[PDB]
Ligand SMILES: *C/C=C(C)/C=C/C=C(C)/C=C/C1=C(C)CCCC1(C)C
Ligand SMILES: *C/C=C(C)/C=C/C=C(C)/C=C/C1=C(C)CCCC1(C)C
Ligand SMILES: *C/C=C(C)/C=C/C=C(C)/C=C/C1=C(C)CCCC1(C)C
């Protein structure tokens, strides 16, 4: 199309699609029940992202929100993606460490709150209030990060969890910043650059994260 | 009303309602925990369908989508039904065979993708792109069917699973065809006939499927 | 704002926010896995309510629905809250009594139906039909109440469950009445009083319920 961000949406669609196919093929033949869980979660994540990238590319997942006296292009489909994919990603971490159910519920619920309030902020027509939602969403993210560090095994489990926790902190923490400087927030970075940034983050957080996880012996039960 | 498809919506509402009441009464008194799971899942399915049929009958679950240069009546409430009822139905099959959690997640997630992309296709304003969504949704359905045949007990469990798997393949595979030839897709069959077809499919896939399942000794633990 | 109900929305936001913070601090340090489940569920409930109260206060969670020949202010965000918080509350009760999974699914599903049909009724443009949805929603509520009394331990578990079941029946049963007499239904009580009533009910059903639950020894495994 003639939205300059189309190229990043197209590459995102492609990389999510290819990552989905790769993980699908890779998990073919896996019989270990524990490993199956990780393959399922980890393949579902970019498959969902693929659909939502495509919806943005085709224009379905874009709406105009009036605020600051303009009609502002907001890609709402990102939140529909994140609503499902972010708890899934947290579930991969939580299963790695054999987290308590209470802890999993805390994580999933805080994540739901993070995404839902981010969506509310994204669609809010009173400019100043958009940042209230951003702050609440960010608080939920900080709670999530706190639990990953202070709320929790085989040495390979510890090692893989540590690496993935670090990837998670670094990549996830960038999202509120991009939103804040981008078209959803202060509008200091144009939508095409914002789209590029989220594409790099998303591909790393999904396909990159998944490559790290699915390469590890941590996803298998200890078997002779 | 004066929408000619009202009669099929009314009969669908009635048959789902009656099926719900029948399963409710039938599962009264069931104490076996395994059987309770099947009664719960299986009664919930037509209860949800009853609500969404009624919403279509009353006109709430209908919207107009512009495409191909017309205002096209799209019953969106079907997807709200299917979003919940189709994974529930898959859950009945998966519990019958004591499926791995990874496999259940794969099934539920692929199903979510099937329904969500079908909804996107149903609401998409660019005619040609509607069929892209249809294709992606169909791929998700084919993945689901593949898992039911290649991804998986007491002989009565095997026997009941086999029958229900066959019912599932035959009925579910008809949905993409009806959508394709109907008002959502190529518009070769009118909405009133499309509605009739989905009504027959839905009642069979829910109340018919449920009668088969709930009549079986497979839903009970092996007890003396 | 100049909506007279703003004061009740503001106090609701505050009390849910404070209740969230209190439960969060209170559950700090809890290591018992069973207790963690209850703290997680019970803190998530007012955290979600806090977000949805704030959304109503800020005006995001309000829409106008034409019916009875007027444009009627309907707070839809209540349903988005209840959709998540009501099954969570039922989950607290069900975990207390170690409910069968079938029973939990029945409860959660009936609750989903209660809330979804209440939302449909709230948004329905044909006045008389709003009450059809109300009736169906009420039937789902009555099913839920029936299960809590007829569908189900350590003496402290029994004692706490009994108290919380009674609180639940009394408070939950008031909701259909308020809706019926309020702006969503017959319009005999003005929106500002309706808002006050739901605020008192919600705070009691969430923060009050939670204080009772989290003060009990019932939420802990039996340990030496
Ligand atoms: C695969 C995609 C992922 C891992 C996306 C993660 C996204 C977030 C952590 C987003 C966080 C946000 C906030 C913390 C504040 C408001 C804006 C959001 C939703 C971008
Ligand atoms: C009770 C209702 C059920 C079992 C409905 C099943 C529906 C489907 C399998 C629908 C599939 C579709 C596609 C595969 C492609 C696009 C259109 C859909 C959603 C009708
Ligand atoms: C924390 C909030 C809670 C516990 C809310 C409970 C709400 C209900 C039990 C609402 C019930 C309703 C009906 C039974 C009929 C239609 C209207 C509703 C949704 C208010």
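The residues of chain C that appear here are 18-169, 176-247 by Swiss-Prot count, in order.
Note: Cβ is positioned from N, Cα and C throughout, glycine not excepted.
With respect to the membrane, residue C:45 and residue C:209 are annotated on opposite faces, judging by the topological domain names in Swiss-Prot. Among the candidates C:185, C:229, the residue that Swiss-Prot annotates as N6-(retinylidene)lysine is C:229. If one looks beyond the topological domain 'Extracellular' (C:141-147) by at least 6 residues along the same chain, the residues whose Cβ comes under 8 Å of a Cβ in the stretch are 82-85, 207-208.
By the count of Cβ pairs under 8 Å, the stretch nearest in packing to the transmembrane segment (C:217-236) among C:57-75, C:121-140, C:148-167 is C:57-75. Nonlocal intrachain contacts for the transmembrane segment (C:57-75), taken as residues 6+ away from its ends with a CB within less than 8 angstroms of a stretch CB, comprise 23, 26-27, 29-30, 33-34, 36-37, 40-41, 44, 92, 94-95, 97-98, 101-102, 105-106, 108-109, 112, 225, 229-230, 233, 236-237. Cα spacing between residue C:229 (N6-(retinylidene)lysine) and residue C:98 (site 'Primary proton acceptor'): 11 Å, rounded to the nearest whole number. One thing to note is that 6 residues go unmodelled from residue C:169 to residue C:176, and the Cα atoms at each side are 10 Å apart. In the structure as shown, the Cβ atom of residue C:229 (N6-(retinylidene)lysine) sits within 10 Å of 27 other Cβ atoms. Panel annotation: around the topological domain 'Extracellular' (C:76-92), residues 18, 20, 69, 139-144, 147, 206-207, 210, 214, 218 of the same chain, lying at least six beyond its termini, place a Cβ under 8 Å from a Cβ of the stretch.
The Cβ of residue C:98 (site 'Primary proton acceptor') lies under 8 Å from the Cβ of C:65, C:66, C:68, C:69, C:70, each on the same chain and at least six residues away in sequence. DSSP labels the residues of the topological domain 'Extracellular' (C:76-92) in these numbers: 0 helix, 12 strand, 5 coil.
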